[PDB]
C-alpha cells in the first residue's frame, strides 16, 4: 500500500522524502495526464503503468511483505498480486533514488494546464 511505498521512499532517500512526491510533474502524486517532464516524473509514470497491470488486488490497500536488507529494498515471500505490487513500489523507490539529483523544485504542484499533451501510452 502507499504506507509501505512511503517507507521505501524514506528508507532509500531519507526522512520526509515522501512529501516531495505528493504533487510533482505530470505523474508524481496528484496528476495523471500528459507527458512525463523529467526522469523522476517518468519513474512515476512507469509506477502508474505498473499498478495498472495488477489484477487480483488493490495497490492502494494491499499489504505486502518487504524489508530493507543492508540498505536495499527486498520484496519478501509474497503470493500472486502482492509480489507484483511490491515490485512496482521497489522499482519506483529505487528510480526516485537514482534520479534524486535531477529533482526540479519548479515541477512541484503543477496545474493540469502544464500537462495538456497527448497522454503517453503505457
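Residue numbers count along the first chain shown, from 1.
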Averaged over C-alpha atoms, is the B-factor higher for 33-41 or for 56-64 in this PDB entry? 56-64
Where do the C-alpha atoms have the higher mean temperature factor in this entry, in 98-106 or in 20-28? 98-106
Highest CA B factor of 82, 88, 73, 49, as deposited, is found at 82
Can you work out whether the C-alpha temperature factor of residue 122 puts it in the lowest, middle or highest third of the chain? highest
